[PDB]
Amino acid sequence: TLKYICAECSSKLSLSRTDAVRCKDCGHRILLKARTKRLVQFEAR
Amino acid sequence: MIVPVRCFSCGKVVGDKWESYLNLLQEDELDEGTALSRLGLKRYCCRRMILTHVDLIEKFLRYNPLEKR
Amino acid sequence: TXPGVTXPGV
Amino acid sequence: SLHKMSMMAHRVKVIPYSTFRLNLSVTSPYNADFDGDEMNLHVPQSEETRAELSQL
Amino acid sequence: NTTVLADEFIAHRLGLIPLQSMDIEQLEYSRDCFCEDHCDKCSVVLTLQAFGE
Amino acid sequence: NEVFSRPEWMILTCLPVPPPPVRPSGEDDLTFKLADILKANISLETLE
Amino acid sequence: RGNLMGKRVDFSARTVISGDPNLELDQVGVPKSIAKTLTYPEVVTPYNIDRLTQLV
Amino acid sequence: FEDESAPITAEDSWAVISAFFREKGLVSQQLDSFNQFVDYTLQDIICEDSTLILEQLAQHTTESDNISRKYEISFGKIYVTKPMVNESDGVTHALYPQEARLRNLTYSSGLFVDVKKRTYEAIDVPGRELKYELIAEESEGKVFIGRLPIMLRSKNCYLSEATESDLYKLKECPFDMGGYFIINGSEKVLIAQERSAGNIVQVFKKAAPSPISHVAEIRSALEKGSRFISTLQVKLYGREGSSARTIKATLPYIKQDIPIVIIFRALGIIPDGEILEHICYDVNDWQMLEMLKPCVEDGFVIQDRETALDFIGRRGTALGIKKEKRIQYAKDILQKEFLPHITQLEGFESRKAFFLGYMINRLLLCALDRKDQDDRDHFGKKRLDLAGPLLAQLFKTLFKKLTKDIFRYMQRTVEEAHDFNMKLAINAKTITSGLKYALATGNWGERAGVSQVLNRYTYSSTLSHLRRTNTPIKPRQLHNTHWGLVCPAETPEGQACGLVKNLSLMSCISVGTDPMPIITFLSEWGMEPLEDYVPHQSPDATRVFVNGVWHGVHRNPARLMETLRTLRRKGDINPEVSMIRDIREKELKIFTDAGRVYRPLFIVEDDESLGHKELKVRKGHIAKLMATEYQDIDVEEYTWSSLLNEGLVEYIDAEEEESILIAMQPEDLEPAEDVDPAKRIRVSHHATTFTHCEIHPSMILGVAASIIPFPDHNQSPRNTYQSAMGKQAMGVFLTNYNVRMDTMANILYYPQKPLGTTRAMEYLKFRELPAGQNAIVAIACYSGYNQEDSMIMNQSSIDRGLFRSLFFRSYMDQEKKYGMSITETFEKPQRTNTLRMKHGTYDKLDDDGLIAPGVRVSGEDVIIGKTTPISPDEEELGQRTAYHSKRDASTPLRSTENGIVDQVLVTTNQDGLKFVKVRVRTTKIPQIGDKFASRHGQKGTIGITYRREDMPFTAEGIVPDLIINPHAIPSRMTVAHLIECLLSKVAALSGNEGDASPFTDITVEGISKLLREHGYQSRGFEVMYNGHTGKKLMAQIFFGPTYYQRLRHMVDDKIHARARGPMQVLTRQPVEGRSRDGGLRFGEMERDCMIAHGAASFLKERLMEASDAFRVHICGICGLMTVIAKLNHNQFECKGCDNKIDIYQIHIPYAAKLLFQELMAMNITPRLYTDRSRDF
RNA sequence: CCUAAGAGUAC
DNA sequence: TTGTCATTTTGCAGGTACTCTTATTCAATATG
Ligand SMILES: [Mg+2]
Ligand SMILES: [Zn+2]
Ligand SMILES: [Zn+2]
Ligand SMILES: [Zn+2]
Ligand SMILES: [Zn+2]
């Protein structure tokens, strides 16, 4: 599903809607959404 | 944050003269003025570009990465 | 006074 | 806007930047500098208001 | 970009990198080239791939 | 004035209730005050 | 005092001011975005049907 | 150097300052006050009172149960834990600040108290005195009474003992100084509240109309008691020409001003001679006796203590006491209400009588024109309540509420004979909610603005906010006593000018200590007790005051002061204690209370070896301090406390500063007596009796003013402007800004440390976290586009990164439990089954309703998708069906803002409901209208930007980054700007750093000589060529580097226009604010200007068509708007008037209609008529 | 949405 | 058949625009 990263473990997790937001590796309750896969364009100016 | 690529006023490339500047300051125990003159920064625009830079990126690198691979 | 600084008076 | 000269009718000149631009000589009645002063613009919405604004 | 710098920060720094332009007259402006966004007649493509191992 | 303001009209016997446009709604403060006035009026009427 | 003697009005803009030696005394420079926001209602007349149609 | 005892130089003092800031820090007062509150004040609050006794009498109808019980509850020691957080599942774990900030928690630690419950029983025998005994049911057992918020880096915080590496691990910036609370994830700082000191007698003259001429008052208060303010006033009735000059005292809870002699007789001093002895200490002072005779003449009617007590009771405002108990009532007034700060017990009547005599003595001295009336603005008479005392009084009130609740619960459960439980008794929500409410909101109760959101725009801004003092409300003036304690030029320009102050760099606030050891020292060393003091036998006796309490007299004040100074200089007395000896007034005052503001100073002793006064500090101590600093960056450590404990430096506050002589610098003022004409003129004061020496004059400045280069070469308002404006400078506020979800953040791309730098700015970490850039500035009338404070910025320089910035904005959104199963849900709303969906595109939202980082977002786009359940089965609006069970509560991006989404953070709140934060990043590039300023108050906006080829250029091809108008210089007299430009040019050429410290011996002539040695014109002028034509400019241009700040006021955040938009629901007028697409205010005096212009139709159009035009119907019979108008059916009818053919329509502002309807609702008829009934 | 408070810009 | 003079109570409002952020909405005992 959608990917998140533990704010402390820096590990990758996949979360569904019904999943409680925790890191299975350590138990941290703060997660950051993963970087988008669609390309990003920047003007070098 | 990190050394600017070019001098703001004249546009001389100074982003490749930061590590050389630090090496001259540390290894050779040269004062700042002589080290700046050695690298070829003769106009005081470039001299203030390199002399007054604060390398904050080291501090940023101290924290653990948010996304670690 | 005033107000401020009624009147005086009133 | 302490006096009537601090509220005057100007002619629009459309310019490509995000600031109101005015002549230097008209800053004295407005008591205006360019150190961050903001100014206000009102547009008449009828021919009568437009005409009396331009003629008075 | 998992670094400590913002993406447009690095983009600006890259835009300030001087590149060889001895034969720049043989390249065409992107505005007057028939390609869609960029092609070989009007651009040069570089790739920066770095890892902190 | 004989027609527009007689002295006995300074005593309130009927309160004109303003329409909801005056006190638009979370009720307005005026609505709560009018509710309090009605409650007091009903209490006094029942006591009498 | 807060709604009758003075009130908030439509068709008004506010922004920072800058000086321009190349503007006339009675001219004011208006940002293009402000000019695109503020509008004037012009009655359709035989004398100005063409330009109003073009603006539409 | 080589000599260990050689005198120090002016350069050596910076080592001392370095040691000071190595031990204290910048926010030492906050942490010290909080540590004092936690370590000692909480225990004192708990132990004082808080012993609930409930005596349930026997109420014995029959003698079989004539037993009276007594339940008592006492509170023992208090334990404060490390900060921890609860959870929805009940799991409790350690909480760190960079988790509470993200999760909107409160960085608080639980409080527990050892509660001991005892019960006593006695036999209720009438007549016999009850005797209560233990039943051996002694139950004790800590209980949770609430949570105390903990400021960061305090002794009870996780970061107090953290190292730099640990701080990096915990996502905490090592440069962060702490001293603030985290309330609901927001950083709150307690502004130091200024107040007048207590227990000090102040005498003030009164105006001519008033009958009282002089008033002597004391704001009596006791620290270790009820902490209540009782104001005693002693007033001298009658003007100068009046004859009946009677002195009267305003006792508390008394309706009238009792004559003073009545009070003396009530206290127990009957004879007139003894009263006058208690008042006047000089027999020869016949003027005071003559002025005081009316008082004894007035009081001759009462010649007995009981009579005076009866008189006071008769004047007592209670009026509910019988005649014989009035004596007792008066006794209670004179014991527990009259001068509480002296004592609350009985048997100390003589002390209070002596203090009253002293107050009357001060009043008569002021009335006799022997002393001036007390200055209310004297900073030594002021106290700054820090976090400690504020939290202490708030917690005292809150715990009193809790213990009253405990007593009420105990009474309820014993009267109903139910079982007693401790958990059901205590309500930790009381303390927790009270503290959280007081810290979360500005108000301090159940004052305003006591707690403020910590300013995080720039590092210097944060430092200035953490050292800020506010005075509740000429008090706005900069007083003389403010020297070295508050910044001379750092204050807001608005209504708070002078009221809001900032601490000096080296100024500290005392935390308060126990005065018992000092009283014991005084008694041991020969202080005469006040009880057996007879002024006649000891005429020239120095009165000794401790915390405003006259404790006695001493006959040899010189030796006493010398030994007290020795004890304080070896650390036996706490150095915060201030001791003042007034020789002329023959007084000795010792202050140990909290809130006193002091500063450190060098100590100057006789130094018989050199035969002249010299500093106690020598080159050996400087060498040891340097060695310790070098080791920190193996020998014995030598810190600031080492200097303090060996009598090298001293802490002096304003009161003690009154009685000392200070040398400005050691090298010029200590030694006894062809000069450089470029140097400024200084004097030697022609006097050698100094007691102290300034560590450095530049330490009188605050945090913001220490950034100014050469502040002594500027006009003072310019320094004030820069002090207020550097807080708005843009830079790097913290190093860990990448892991903080702040609401707004601004970061420079390339911060540069100044070329012109001060010695004091390397303790403020300004060279590590700069907030500006060194721009090549030319002062020239180049094109006319930099007139009236405008500037010309180099477009090519902007293209290369000059003053470019990052801007982060964070949006927070929670899901809330509207009911048991009415939980909100973060999701992507669908137009099929959602109401009130915004016009912004929802496409960028993925399944969970949160835009993944990296996606570009423009204005009005939805970034957080949230829906809430509603009641189904409703049909309306044309397209509302039973499927629309969800109402949209999404959060769109700001209308005027756009950028790249940087980061999104999902977590659980305190209640356990998921909530998110979305931080979006954009880049601000300087453009026309952005505000920039030098460090000398030279603000200005960018007029125009020229490319490099169009700018004027020197012979070396250097073009300026900025061009500023010459006309900004002469009127503003910012000479420091020019001097700093010259110094920066020299520093850039030579590679050194320009020492722009204020009071150094750095002159323009020397800088010019160095610049000429570098091959440039000595005064900084350069021959420049016009960019357009290449021809030489006839005038040479002042040219060189200068440090500029980019201010927070950008034009893109201020531009606003509105043709037509949302209207206010009540008045049907445009809404307020550019954030709401509001309208501009056409105020009263704009209308006055338009009236002066004579444009009536334009005014009508502004007030009616532009804002609110309403058509309303009235009738010609009654002018009221009570006309029922069915427009479609074309039927107009005013009920009551019973007319249908006499109706008019008028166009009036909707505000006017609302005003008329409100007048009608207020029983007023504003009848509107359309024809004249009277001739003009 | 309302209210309150605080900070700030130009006078 | 008229002046007299000498204490005690009487009401208050503070410039013009404009920007931003933060918190909070009565808690708790009591009856349906
Ligand atoms: Mg101005
Ligand atoms: Zn983890
Ligand atoms: Zn250069
Ligand atoms: Zn191409
Ligand atoms: Zn009618």
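Only heavy atoms go into these numbers, but all of them, side chains included; no hydrogens, no water, no symmetry mates. All chains are named by letter (A, B, ...) in the order of the sequence lines, taking the proteins before the strands, and each is independently numbered beginning at 1.
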With north meaning a positive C1'-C2'-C3'-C4' (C3'-endo side) and south a negative one (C2'-endo side), sort J:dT25 into one of the two.
north

Mind checking if H:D742 touches a base, just sugar-phosphate, or nothing, with heavy atoms under 4.0 Å?
nothing

Looking at I:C11, J:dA28, I:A5, which one has an atom nearest to any side-chain atom of D:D37?
I:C11

Side chain to side chain, H:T462 and H:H465, heavy atoms closer than 4.5 Å:
no

Compare side-chain N and O positions of H:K188 against OP1 and OP2 of J:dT22 and report whether any pair is under 4.0 Å apart.
no

Tested for side-chain contact (heavy atoms from CB on, under 4.5 Å) against H:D789, the lone hit among H:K931, H:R972, H:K939 is H:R972

When we call it a touch if two heavy atoms are under 4.0 Å apart, what does H:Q452 touch: a base, just sugar-phosphate, or nothing?
sugar-phosphate

What integer distance in Å separates H:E446:CD from J:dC26:P?
11 Å

Under 4.0 Å: is that the gap between some side-chain N or O of H:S451 and OP1 or OP2 of I:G6?
no

Interatomic distance where CD belongs to H:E490 and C1' belongs to I:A7 [whole Å]
15 Å

G:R8 vs J:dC18: side-chain N/O to OP1/OP2 distance below 4.0 Å
yes

Contact check, side chains of H:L1103 and G:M5, non-hydrogen atoms, under 4.5 Å
no

pair H:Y409-H:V414: side-chain heavy atoms closer than 4.5 Å
no

When the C1'-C2'-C3'-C4' sign is the only test used, does the sugar of J:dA17 come out north or south?
north

Does the sign of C1'-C2'-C3'-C4' make the J:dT16 sugar north or south?
north

Does H:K429 put a side-chain nitrogen or oxygen below 4.0 Å from OP1 or OP2 of J:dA28?
no

Separation of J:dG15 atom P from D:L2 atom CG, nearest Å, is 15 Å

As its Watson-Crick or G-U partner within any shown strand, both distances under 3.5 Å, I:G8 has J:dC18

Remember a base hit wins even if backbone is also touched, and classify D:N31 as base, sugar-phosphate or nothing at under 4.0 Å, heavy atoms.
sugar-phosphate

So if I take residues 1069-1081 of chain H and measure heavy-atom distances to DNA chain J, which residues fall below 4.0 Å?
H:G1073, H:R1074, H:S1075, H:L1080, H:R1081

note: H:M725, atom CE; I:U9, atom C1'; distance rounded to Å ~ 10 Å

Selection from J:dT24, I:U9, J:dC20 that lies nearest to any side-chain heavy atom of H:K931:
I:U9

Classify the ring geometry of D:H42 against H:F1082: parallel below 30°, tilted from 30° to 60°, perpendicular beyond 60°.
perpendicular

Could you tell me if the side chain of F:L34 sits less than 4.5 Å from the side chain of F:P18, heavy atoms only?
yes

Rounded to whole Å, CD of H:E493 lies from P of I:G8 at a distance of 8 Å

Given I:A10, J:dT25, I:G8, the nucleotide with the shortest approach to the side chain of H:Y437:
J:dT25

Side-chain N,O (H:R894) to OP1/OP2 (J:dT21) below 4.0 Å:
yes

Looking just at side-chain N and O atoms, do G:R14 and D:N40 make a donor-acceptor pair shorter than 3.5 Å?
yes

Check this one for me: any side-chain N or O of D:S1 less than 4.0 Å away from OP1 or OP2 of J:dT16?
no

Within-4.5 Å side-chain heavy-atom neighbours: H:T106 and H:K436:
yes

Rounding to a whole Å, what distance do you find between H:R1068:CZ and I:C1:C1'?
17 Å

Expected label for J:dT19, using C1'-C2'-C3'-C4' where a positive value gives north and a negative one south, is north

Under 4.0 Å between any heavy atoms, over every strand shown, what does H:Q728 touch: base, sugar-phosphate, or nothing? Just pick one.
sugar-phosphate

Think H:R809 has a side-chain N or O under 4.0 angstrom from the OP1 or OP2 of J:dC20?
no

Ranking J:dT22, J:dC12, I:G8 by distance to the side chain of H:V453, first place goes to J:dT22

Does H:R1087 reach a base, just sugar-phosphate, or nothing at all? Heavy atoms under 4.0 Å.
nothing

Please report, rounded to the nearest Å, how far the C1' atom of I:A7 is from the NE2 atom of H:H465.
8 Å

If J:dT29 has a Watson-Crick or G-U wobble mate with both distances under 3.5 Å, name it; if not, just say none.
none

Calculate the interatomic distance between H:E897 atom CD and J:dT21 atom P; express it in whole Å.
8 Å

Counting just side-chain N and O atoms, does H:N443 come under 4.0 Å of either OP1 or OP2 of J:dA23?
no

Using heavy-atom distances to pick each residue's nearest nucleotide on RNA chain I, tell me which of H:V1065 and H:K727 is more 5'.
H:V1065

Taking the minimum atom-to-atom distance to the side chain of H:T441, which one of I:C11, J:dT24, I:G8 wins?
J:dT24

Report yes if some heavy atom in the side chain of H:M820 is under 4.5 Å from a heavy atom in the side chain of H:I822; otherwise report no.
no

Can you confirm whether the side chains of H:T471 and H:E194 place a donor and an acceptor under 3.5 Å from each other?
yes

